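Summary of structural features
Spelled out from the first residue to the last, the chains are:
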Amino acid sequence: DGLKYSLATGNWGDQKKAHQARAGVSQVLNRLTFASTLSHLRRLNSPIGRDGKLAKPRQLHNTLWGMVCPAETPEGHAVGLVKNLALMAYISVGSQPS
Amino acid sequence: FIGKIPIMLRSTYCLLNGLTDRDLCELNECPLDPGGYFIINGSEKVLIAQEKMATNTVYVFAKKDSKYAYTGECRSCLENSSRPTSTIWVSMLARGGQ
Amino acid sequence: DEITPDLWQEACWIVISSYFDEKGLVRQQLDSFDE
Amino acid sequence: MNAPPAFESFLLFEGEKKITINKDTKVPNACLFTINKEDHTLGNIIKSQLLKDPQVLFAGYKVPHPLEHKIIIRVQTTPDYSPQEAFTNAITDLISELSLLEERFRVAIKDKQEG
Amino acid sequence: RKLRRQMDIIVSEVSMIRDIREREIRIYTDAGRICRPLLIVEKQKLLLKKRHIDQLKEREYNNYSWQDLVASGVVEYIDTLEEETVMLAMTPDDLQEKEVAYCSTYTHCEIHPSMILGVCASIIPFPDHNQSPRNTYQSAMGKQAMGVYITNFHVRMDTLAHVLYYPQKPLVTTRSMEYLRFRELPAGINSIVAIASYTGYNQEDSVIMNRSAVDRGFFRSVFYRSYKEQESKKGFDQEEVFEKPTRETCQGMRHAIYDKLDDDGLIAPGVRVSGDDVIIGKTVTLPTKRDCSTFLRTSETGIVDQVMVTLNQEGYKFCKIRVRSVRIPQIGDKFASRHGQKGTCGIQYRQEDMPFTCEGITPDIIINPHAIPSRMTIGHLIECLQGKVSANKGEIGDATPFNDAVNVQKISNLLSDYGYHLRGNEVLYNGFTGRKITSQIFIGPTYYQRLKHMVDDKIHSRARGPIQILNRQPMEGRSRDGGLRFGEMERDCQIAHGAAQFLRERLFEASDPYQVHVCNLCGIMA
Amino acid sequence: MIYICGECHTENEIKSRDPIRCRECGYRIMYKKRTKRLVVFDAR
Amino acid sequence: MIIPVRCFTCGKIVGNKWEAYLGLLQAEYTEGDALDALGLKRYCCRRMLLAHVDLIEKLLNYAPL
Amino acid sequence: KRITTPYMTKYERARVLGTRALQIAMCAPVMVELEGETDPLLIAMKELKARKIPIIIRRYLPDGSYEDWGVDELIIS
Amino acid sequence: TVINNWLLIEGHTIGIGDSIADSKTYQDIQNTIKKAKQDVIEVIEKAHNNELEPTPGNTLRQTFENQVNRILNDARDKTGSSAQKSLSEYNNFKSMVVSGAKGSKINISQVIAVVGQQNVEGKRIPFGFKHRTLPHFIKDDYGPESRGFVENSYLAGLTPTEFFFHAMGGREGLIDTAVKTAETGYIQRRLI
Amino acid sequence: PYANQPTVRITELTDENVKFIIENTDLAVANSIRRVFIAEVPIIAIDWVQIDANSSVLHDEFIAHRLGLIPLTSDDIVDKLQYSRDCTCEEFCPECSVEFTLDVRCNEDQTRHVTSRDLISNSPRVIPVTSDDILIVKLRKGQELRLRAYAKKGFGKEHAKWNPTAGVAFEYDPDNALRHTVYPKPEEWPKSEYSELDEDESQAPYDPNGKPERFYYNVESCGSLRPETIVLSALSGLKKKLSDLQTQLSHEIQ
Amino acid sequence: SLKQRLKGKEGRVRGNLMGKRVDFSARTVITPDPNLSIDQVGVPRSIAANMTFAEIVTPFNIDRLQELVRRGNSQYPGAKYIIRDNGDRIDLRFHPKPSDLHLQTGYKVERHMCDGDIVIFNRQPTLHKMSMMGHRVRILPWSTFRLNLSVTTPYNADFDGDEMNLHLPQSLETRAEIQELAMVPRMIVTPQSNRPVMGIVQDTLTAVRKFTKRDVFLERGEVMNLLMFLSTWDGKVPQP
RNA sequence: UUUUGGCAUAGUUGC
Ligand SMILES: [Mg+2]
Ligand SMILES: [Zn+2]
Ligand SMILES: [Zn+2]
Ligand SMILES: [Zn+2]
Ligand SMILES: [Zn+2]
């Protein structure tokens, strides 16, 4: 029930601790075009946090060359915070250093 | 038995793993559907990737809004255990102190 | 032996086609969940 | 849902006059012909025919709105020649022209088919 | 690096950074790092030779895949932290050729620069010929176009779906679109668009459309709504059941006719319905029995496409009813190029009224000239020219961003070879008078997208409707109804006008008129 | 009422009282049959 | 989805030419040669066959009801 | 002993016309001869031009006093 | 109404031919850009050899930055002037700009001649990488294209580095649009 | 103050199109004829569809919309028909409509193409034009499509399926002697097929006394009517409209 | 808590007293229409048939409103309600009783919004007086509001998907107030910068720049065709 | 014989 609840609501953390639970992690998959579905599946989110208060994360940084699409960000109050992977970008899955 | 884990579609434990296009059409599943999402109560839910600061790395900033000239933090985190990550600041006091 | 400049335009897109035949587009999600 | 039925651009609903004549008081010998359920098909051709009449001082037409199927034709003639008479003469000339063109087109088809 | 390139003890995704000036070697193996593959350059030469390309051409029936390129030590994954220590060639054919030396120590080379773009930015033809906010805007709109969102849409029952009747692959395409499956699931139509001022209904980013083209199915579409409903039995106090209810066994029902429903409380697929009609007749027992049947959205109208019945996770019988509504394009519906040229249908003209070339080719769409100069979507114009060239040549044009083999001068020469003006302009005739237009109109095919924002889903009006239960003010019912908030800014506007009576009318007797009794001695209510 | 099984296409009658299940496959998805009321379209 | 009956612009019949078009492509015609062989001069008509995607073939893989 | 402007203000014109149109809509006697007039607002504007509206505007100065102006007394601008 | 009905006879359009210039104009623009880049190189090598002396009230970095900025602005204005002089009276782009209906002269110059310098926070593109704007440049490169000077027109198409730097530039305008929408009427709603 | 004496010269006549030239006529008359070709020549097209059974992948409205665009041989039968709403019948009759029936059951292991050949009319003179054939839909095994339809008289102004033409090429003054269009660089523009200029010339000299005449037509038929029949019915219909307007004007004057 | 019920944007004060939902309001997308005067607004037939205005029954309008009553709410233009003098309300969707369709003077009839009705028209965010102005209703047969192009500048609107709101004043007093204070012609010149807010925009501005060039000449047919579209023309063709 | 209704959290999207 906890996994089902967390993926159903997108609130992450304990259900009783929804006050401190990061929200919107899990979203309903977008089905308007194939491109919309693909872009939703390859989406990255920048939480606001305390870090957002320190350095301006909205503006496009040079290190996003080849990793993140430079010209795909949602307009409005989420500009530059929600991003999309570049086509050949691939996220390391992690292995053991031993 | 201890619970039920949701399965991301077309992952290596989904029943659609490694099936031909004819088989996917036999199951009324689009062969171009990339998967990569869960089904929770029939609703197709996608987990958005969340960016955060990398761990176990020394980062030296200069807090413009404090009595510290510089602060060297390190969000130290164990090797895939104890998700509470202990962050430690090592800060040089500003010379304009009392 | 070496890829000539005129043939390079075909060659690079052959490489990228082989990539997307191998990994696909949602490799991040599937690999992370498999791990 | 507000889309009009497509037939309300050539069909007269009941209680609608096809053509209505109104005297224009600004200038003597001037009339406005409001024709319902017509478009540039008849407006432009009637205006062009009327312009060939020497006794017509002014001949113009307008569609007041593309979504409304009225055409207003303003005709002003010399003060010995009613605008209504000019309008009738223009239509008769156009009908004679089109009948002649039908006849010559049939003859041309027969000659081309025969060789 | 030798070991990682050989897929030895070090796996490919491990990243190794040498901070030379600070005397550090940092090796990262954890997850979450983002990397991309780069061709390896050694001694100003690629390690990718023709033999690899030959083996990859016959990728089928050889099993020489991408993983064998990685195993060959020809291409390797590089992350941003390691990109800091990388001298990268944008392209082999020029950057590492001999020259007046700029850099002679390249370590990697880009596969193709166009792979910096994402999914929705990779469907833009000639994005390097646009102002970048227009590329951002197209990245936003391409998610909202109409197409065929999935092949098995017939069996699915999504809450909302839009399916375009006749999608087409773009006549002017990118190589990246080959791998997005966009050729197989397109979203939009190649439309003969003319950039011309006309009767005046395309101004300010509006669009005139060809009515006769729409009559031939141009941009026609379908909108599917699935309504789910589950009866539940909580012990025995309440028992919801599907059945067509009657006035003589229920204590409250709508005047909407229940004869649509069969005698299980379910309407059949193929029945025409409207916004008030009942689609699932459900009734709950009274502790006679009150109904709790469900109706259509009040604005909507359609034909019941499909009616499925199952048992839920609990085991209670529950059904899902997909209703089909055919959306013809009309005045108000959105359309967009792949360049941020958003715009609503201003007016629809029949074929005889549209302007026409000397060949009888009327435009499907007329867009205003003034949409171009401030926006500087030159990629739109180049797409139109390339579309004309490709449609005449019997070829699919290529519009990858960074491709010097494609040049507007070459496209102009190719177009001149087909007996057209080299810049795409044409002598158009006025549809009404038949006269030649004094200027020569730029015209040609262009890929347009019908966005999901139809007017019929956005139109509503309120007058004396269902107020709130607490506030006694208008409320958003099962629709867009419930009035519009006459917010603070509107009140300040009307104060600036001095329209005090109108301001009172809006804020008092048009929302919640009321009266009370107050004692004159004690000012508390009585 | 007649329902069509979603896996083996068997038209089977079901009352408003019994749980739905295909009577030769056990499948638990059923589709209502197309209406027999006349439906007419203009071809526009 | 399926080939439109009419060209959207000029209203020429183009629905009876998809199968022949594919047949000519199996005869190793260039796509321009195939469109010329089918007598499609105006690029409005040529756009129809040249950019059509026959998705109905993919839809006939699923079982009927 | 009046100090307010002799010109009817825009707001005075607006309220006078609205009020008089409401009165005429309520079958009030009309103070001007009308021909082919049915909308109360046109009749009210005809009365205003005729200066035959039977209304007195009470303008409150910002000291708790007032001035009463017959509508015919004010200049219809 | 009157002028919209006359425009059915006149007609008004915009096409590729309204963005083409004469070959002489392209050669003049390319010569201007060659010269401007070579002067930027002269300023760079004079700074590297310590032969550049700071202006009063500015450090050597601010002096150098103002020098390259004024060189590139001079180049952009000269290219825009030459592009505007090449325009014919029939150029629909000019016909729209002259009436004030849409666009302006800078848009003509950007479409035809040179997009120009990209700026984030009002300065050239910063060294986001370690002493680099991108990994395709050498370290400590203050050349124009290295620091985000787009030398192509929108007609000619931007190079990959130029495309990314232009995206960086436009992201700022998007962010300011969002911030204005955030501050739309807040000052007003307190003032009222 | 009277009519022109227009003259016709047919330059080409095939079963697909007629190409001809009209001289000694006003531009307005020529454009009105060109416009009547598209919008006012009545033909027969499917406009009433009852679907008794559909199992195809395409929903019912898709099939009906595709059936409407099927062109029908309406060469001579259209003249003796009446508009349905004008007809006094109980909604349908052989004097205002033509019945069609389609019944195709794909009971085989190959994709069955439901083409225009499967449309069966109750009148032999009104068939699908292709009767290679126009594809209506494709059917899988066990998919039935069974419907009846009626095709009625109408013209393209109401809906584009009654449009008989497949593109009406229209031209005048191919060398631009009148300068109704102003080329910024006349050298760049290819000659019209009707141009009489040598290749060293780009534009005829300006004619201050010129007037548009010698209008070049190329009327391509979709197939419902022969192009000869399209033009003749167009002229007849425009004459009929003008005579009806004459009748109404005479009534209004009286 | 009771504090949170009043605090903030959504409390009773700022959410339900300084601004609130209102009846007799409609919203939809806007499309251009150069054939409307600047003070007119196109309205779909559905919105007009849905929204209503109270006409007081007067012997000048007794027969007209009786006809509107007999048409009922089912048909446009029509009426929804009859408010008799007692305050009782007769709903003209459900009462074929002819006795209830009698109209004595002083009754009110909530007739459908017909042509020429005054409506306040607004686009949010509302930033100045010219963002809410009075228009005359014109019924047009599609599902969008229509504006003259010149008024797109005061509203800061463009037909790229923008929606606009339409409020109908519901009594002759407020209707006269809007007619005399907030109509579009009265809002041409702003007091902000003592200048016009509406101007000639886009196609018309480029076309007038082309038109008033020294070397534009018009044949007589063109001149007469253009003078058809001149509402203030005195009918006299000027000397060439 | 003339009805009426969840709400208040989060997300997404439009200008
Ligand atoms: Mg807008
Ligand atoms: Zn008291
Ligand atoms: Zn079964
Ligand atoms: Zn065509
Ligand atoms: Zn009949």
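Residues numbered from 1 in each chain as written, not as in the entry; some residues may be left out. Chains lettered and ligands numbered in written order. Part of a larger assembly, values for the part shown. Heavy atoms only, no water.

This entry, as listed in the PDB, derives from cryo-EM and reports a resolution of 2.8 Å.

Side note on the pairing of strand β11 (residues 206-210) of chain E
Residues and elements named next belong to chain E. Buried residues dominate β11, accounting for five of its five residues. Of the two faces of β11, both are covered, the one formed by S206, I208 and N210 as well as the one formed by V207 and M209. The sheet contact formed by β11 and strand β22 (residues 342-349) spans five bridges and is parallel. Residue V207 lies in a different strand from β22, and its bridge partner there is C345. Sheet topology note: the β11/strand β23 (residues 365-367) ladder contains three bridges and is antiparallel. Bridging from a neighbouring strand, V207 pairs with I367 of β23. (Buried < 20%, exposed > 50% of the residue type's maximum accessible area, 1.4 Å probe, protein only. Helix = DSSP H or I, 4+ residues; strand = E, 2+ residues; numbered from the N terminus. Pairing = 2+ DSSP bridges.)

Here we look at the coordination of the zinc ion (ligand 2)
The protein atoms donating to the zinc ion (ligand 2) are E:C519 (SG), E:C522 (N) and E:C522 (SG), with metal-donor distances spanning 2.1 to 2.3 Å. Note on E:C519: relative accessible area 28%, which makes it partly exposed. (Donors = N, O, S within 2.8 Å, 3.2 Å for Na, K, Ca; no water.)

Thoughts on the interface of chain E and chain K
Residue-level contacts link 66 residues of chain E with 69 residues of chain K. Taken as a group, E:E204, E:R464 and E:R485 account for 14% of the area that chain E buries against chain K, more than any other trio of residues on that side. Counting the contacts that link chain E with chain K gives four salt bridges. Between E:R462 and K:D23 there is a salt bridge, with the nearest N and O atoms lying 2.5 Å from each other. Remark: the boundary between chain E and chain K carries 38 residue pairs in polar contact. Breaking the side of chain E that touches chain K down by element, the ones donating at least two residues are β22, β27 (460-462), β28 (484-485), α10 (488-497) and α11 (500-509) of chain E. Considering every element that reaches the side of chain E that touches chain K, the biggest residue donor is α10(E), with eight residues. Of the residues contributing to the side of chain E that touches chain K, the split by class is 20 nonpolar, 28 polar and 18 charged. Note that β28(E) and strand β1 (residues 21-22) of chain K share two bridges and pair antiparallel. In the strand pairing of β1(K), E:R485 is matched with K:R21. (Contact = heavy atoms within 4.5 Å. Buried area = accessible area lost by both parts, 1.4 Å probe. Salt bridge = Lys/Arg side-chain N within 4 Å of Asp/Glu carboxyl O. Polar contact = N/O pair within 3.5 Å; in protein donor to acceptor, adjacent residues only side chain to side chain. Nonpolar A, V, L, I, M, F, W, Y, C, P; charged D, E, K, R; others polar.)

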